[PDB]
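> Sequence first, structure after; it's an experimental one.
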Amino acid sequence: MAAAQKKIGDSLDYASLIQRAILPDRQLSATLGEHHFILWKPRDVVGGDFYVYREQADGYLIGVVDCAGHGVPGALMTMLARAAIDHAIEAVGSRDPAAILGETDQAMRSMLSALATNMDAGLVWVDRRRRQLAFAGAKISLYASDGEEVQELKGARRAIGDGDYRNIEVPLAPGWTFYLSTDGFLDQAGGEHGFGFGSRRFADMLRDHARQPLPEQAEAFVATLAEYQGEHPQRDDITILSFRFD
Amino acid sequence: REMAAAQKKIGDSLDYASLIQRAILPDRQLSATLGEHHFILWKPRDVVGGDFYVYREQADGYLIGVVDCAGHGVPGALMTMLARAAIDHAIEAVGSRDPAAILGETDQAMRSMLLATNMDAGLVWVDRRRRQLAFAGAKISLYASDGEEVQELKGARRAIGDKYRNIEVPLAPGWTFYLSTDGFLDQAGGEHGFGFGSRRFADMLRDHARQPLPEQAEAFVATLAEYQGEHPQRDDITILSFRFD
Ligand SMILES: [Mg+2]
Ligand SMILES: [Mg+2]
Ligand SMILES: [Mg+2]
Ligand SMILES: [Mg+2]
Ligand SMILES: [Mg+2]
Ligand SMILES: [Mg+2]
């Protein structure tokens, strides 16, 4: 009998309302408008992926997080990590991504006493006033493109909760689109042999669309994966948070 | 054609999600500091629930409490992660000695992060140095018994998320204290499928209040199992008990 399957589905659908409530959608739309786009597709109804955003007068903090697991266990991690990120932003400010990650790690260790509790994160402080960007990541990269060149600011090879973090500071040039993605989109199986999309198809896709309006890029990226994937099930939670300077 | 493998996947996922929820519980700290001066009864309705409990040891005393978040199952379990972190923030912002201030601050921390979102909580600051207690609750009571009388320090009839004060009380020797969510008192059973209730609960506490707390815990489980019979578990159950002298 599939009556139990209906019960769980209704329970998870309501749990997705809780997980959506912790996402900064409204704030992103109201402050960045079309100078951002969000792609957020959990594998199940609730996932282990989420994203953060904190607007300041002089710039903004923006990031993506992939907590251990997907489904319900991943979604539980997402609640803890969202609160751990808020604590960290309050303890060290929103301008130092490496300090935020260090403090997030500590806050997580403080709440969780064999359990996979590690998490990937890519955090960026966009300092509009001083025209420079600070990035710090644990197994998450910052991709940047002007439609000609594709740069990848690689994150540390260590996940949060196992590592000391450092910021990568780049000049902030106009005409550049930035992309923060979890592994899910790049790991999506598909195509002729069932290989994951990968870093090379991803960098090419970004360069190809980087100069385009971000609402158009978002649509093209969704249609590019839908096409690639075909009949293959979604392998992992997908998140792409994009933002553009001038 | 019956894709039953999905039901296995979800079951294994929930069982692993219960390891995450158990990791946020202060079991180890409670056992290491209170030993047999405490007992915990924690039984979610499903694999994961909306109920949890807190504990924070200080040099001069301890903070102990129970929380019942909106819902049960997975949605309830998501609320517990948020509330656990909101309680940590509140303890850091106002200290672990003012239960009413902790509840106020927990409410604010919850409103900043987030739909039924209200929650019940009963928080107690046990002062060892002043030989007193401070209690504040939102739809949760503090029960006390010496095996003869039963005292109930009632919490506000409003939940955290609607509209808090401390009730200070002296610690007399031979008294056992009990913090329970509504789940045990709402358990359907008996002759007419009625919930256990406050009067059967007070009598149960009085009947066992003189026993070692590991024995009380067992008697409480056997009392509900008997009452419940064939009735399914109606809600998440939590009983956190503590004793001084
Ligand atoms: Mg994950
Ligand atoms: Mg990975
Ligand atoms: Mg992933
Ligand atoms: Mg509940
Ligand atoms: Mg109730
Ligand atoms: Mg309840």
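All right, it came through fine. Numbering: from 1, shown residues only, chains lettered A, B, ... in the order given. Ligands and ions are numbered 1, 2, ... in the order given.

> interface residues of chain A facing ligand 1?
A:48, A:66, A:74 (Cβ under 5 Å from the ion). Bear in mind the C-beta positions are built from the backbone N, C-alpha and C, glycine included.

> run the last query once more with 6 Å
A:48, A:66, A:67, A:68, A:69, A:70, A:74, A:237 (Cβ under 6 Å from the ion).

> Now the first one: closest residue in space, sequence neighbours ignored.
What sits nearest to residue A:48 in space, not counting adjacent residues and going by Cβ to Cβ, 6 or more residues apart in numbering or on different chains, is residue A:74, at 2.4 Å.

> Contact partners for residue A:197?
A:185, A:186, A:187, A:188, A:190, A:191, A:225, A:228 (Cβ atoms under 8 Å, 6 or more residues apart in numbering or on different chains).

> Give me the distance between the residue of chain A most remote from its centre and residue B:208.
Most distant from the centre of chain A: residue A:1, at 37.8 Å, with distances by Cα atoms, centre = their mean. Plainly put, residue A:1 is 41 Å away from residue B:208 if you go by Cβ to Cβ, to the nearest Å.

> got it, and residue A:72?
36 Å.

> returning to that earlier point: which residues touch the residue farthest from the centre of chain A?
By Cβ under 8 Å, 6+ apart, residue A:1 has no neighbours at all.

> again, but for residue A:100
A:61, A:85, A:88, A:89, A:92, A:94, A:123, A:136.

> Doesn't the residue nearest to residue A:48 belong to a helix?
Yes - according to DSSP: H, G, I helix; E, B strand; the rest coil, residue A:74 belongs to a helix.

> Would you mind measuring from it to ligand 3?
From residue A:74 across to ligand 3, the span is 8 Å (Cβ to the ion, to the nearest Å).

> how many other residues sit next to that residue?
29 (other Cβ atoms under 10 Å in any protein chain shown).

> The closest residue to residue A:210 other than its chain neighbours bridge partners, please.
In space, and not counting its chain neighbours, residue A:210 is closest to residue A:145: 3.6 Å by Cβ to Cβ, 6+ apart. Assessed by DSSP bridges, residue A:145 has beta-bridge partners residue A:150, residue A:177.

> Isn't residue A:145 up against residue A:151?
Yes - assessed by Cβ atoms under 8 Å, residue A:145 is found in contact with residue A:151 at 7.3 Å.

> out of these two, which sits in the more crowded spot?
residue A:145 (23 against 15).

> so who does residue A:39 touch?
A:185, A:218, A:221, A:222, A:238, A:239, A:240, A:241, A:242.

> so of those residues, which ones are in strands?
A:238, A:239, A:240, A:241, A:242 (DSSP state E).

> what about the nearest residue to residue A:93 once chain neighbours are set aside, helix or strand, and which?
Using Cβ to Cβ, 6+ apart and skipping the chain neighbours, the partner closest in space to residue A:93 is residue A:99 (7.6 Å). Here residue A:99, judged by DSSP states H and E, is contained in helix A:97-111.

> for whichever residue of chain A sits closest to ligand 6, helix, strand, or coil?
In chain A, the residue that lies nearest ligand 6 is residue A:11 (16.0 Å; Cβ to the ion). Recorded secondary structure, residue A:11: helix (three-state DSSP).

> in chain A, which spans are helices?
Under the criterion DSSP state H, chain A contains helices at A:3-21, A:25-31, A:71-92, A:97-111, A:183-187, A:198-209, A:214-229.

> most tightly surrounded among these?
helix A:71-92 (a mean of 25; mean count of other Cβ atoms under 10 Å in any protein chain shown).

> and it, what does it pack onto?
helix A:3-21, strand A:49-55, strand A:59-67, helix A:97-111, helix B:5-23, helix B:73-94, helix B:99-113 (3 or more Cβ pairs under 8 Å, 6 or more residues apart in numbering or on different chains; DSSP states H and E).

> what sits up against stretch A:17-28?
By Cβ under 8 Å, 6+ apart, the list of residues contacting stretch A:17-28 reads A:36, A:38, A:40, A:42, A:46-47, A:50-55, A:75, A:78-79, A:82, B:75, B:78-79, B:82, B:113-115.

> what do you get for stretch A:219-237?
Here stretch A:219-237 has contacts from A:39, A:41-43, A:47-49, A:66, A:70, A:74, A:182-185, A:187-191, A:194, A:196-197, A:201, A:205, A:209, A:212, A:238, A:240, using Cβ under 8 Å, 6+ apart.

> That one and ligand 3 in contact?
Yes - against ligand 3, stretch A:219-237 shows contacts by Cβ under 6 Å from the ion at A:236, A:237.

> Could you work out the end-to-end span of that stretch for me?
18 Å (Cα to Cα, to the nearest Å).

> again, but for stretch A:204-217
13 Å.

> likewise stretch A:181-198?
Stretch A:181-198: ends 12 Å apart by Cα to Cα.

> at contact distance from ligand 3, anything in it?
Yes - applying Cβ under 6 Å from the ion, one finds stretch A:181-198 touching ligand 3 at A:182, A:183, A:184.

> Surely the second one is in contact with residue A:121, unless I've mixed up the numbering?
Put plainly, it is residue A:183. No - checked against Cβ under 8 Å, the pair residue A:183 and residue A:121 is beyond contact range at 12.0 Å.
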